[PDB]
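1. this one is an experimental structure. Sequence first:
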Amino acid sequence: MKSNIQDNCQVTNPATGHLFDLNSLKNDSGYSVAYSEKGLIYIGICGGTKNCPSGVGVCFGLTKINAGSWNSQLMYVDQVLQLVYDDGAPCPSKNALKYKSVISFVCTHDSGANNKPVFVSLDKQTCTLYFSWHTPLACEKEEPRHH
């Protein structure tokens, strides 16, 4: 029961047993997420990118702020795959936590894509970069218990 937070960038759905994988989104090409103010935030998914440092999962482009350090901690929570890139750079903005990125992987009916990581919200309470990621892999073609 409950999400399988494994460090191999995968999560097995406790409802179906369908293992989820974001390793397919691992490219050094890197990702970007236009930030609301005047920059974007680069993303790497459980792997190294050239657009963000290896060891850095998510990093702002503006002033190069690691918004969440490298993690492969994948979960399946609220029908959404979620990576919590925590313990990033120090956040002196509002609260004194560190930057953390929560990329919420939202099912998209596409075929094995990432589409685009979208910046949905920022949390100034726990300096948490909320990302909306529409990925087909977060979608289950696998039928659940009550289908």
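-> Looks like it came in fine. Residues are numbered from 1 along each chain as shown.

2. so for this protein, the centremost residue is which one?
-> residue 103 (2.8 Å; Cα atoms, centre = their mean).

3. which elements pack onto the strand or helix carrying it?
-> Element membership for residue 103 (DSSP states H and E) is strand 100-107. If you count contacts as 3 or more Cβ pairs under 8 Å, 6 or more residues apart in numbering; DSSP states H and E, strand 100-107 packs onto strand 56-60, strand 66-69, strand 80-85, strand 128-135. Every C-beta, even on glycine, is put in place using the N, C-alpha and C of the backbone.

4. output these in a markdown table; the columns should cover mean neighbour count.
-> Compiled in a markdown table, those are given as follows (neighbours: other Cβ atoms under 10 Å):
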| stretch | mean neighbour count |
| --- | --- |
| strand 56-60 | 27 |
| strand 66-69 | 26 |
| strand 80-85 | 23 |
| strand 128-135 | 23 |
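
5. so residue 66 touches residue 99, yeah?
-> Yes. At 6.5 Å, residue 66 counts as touching residue 99 under the criterion of Cβ atoms under 8 Å.

6. just to revisit the earlier point, need the helices and strands packed on strand 100-107 in JSON lines with distance to residue 141, can you?
-> Formatted as JSON lines, the helices and strands packed on strand 100-107 follow (distance: least, Cβ to Cβ, whole Å):
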{"stretch": "strand 56-60", "distance to residue 141": "27"}
{"stretch": "strand 66-69", "distance to residue 141": "29"}
{"stretch": "strand 80-85", "distance to residue 141": "14"}
{"stretch": "strand 128-135", "distance to residue 141": "13"}
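
7. quick one: closest of those to residue 11.
-> strand 80-85 (6.2 Å; Cβ to Cβ).
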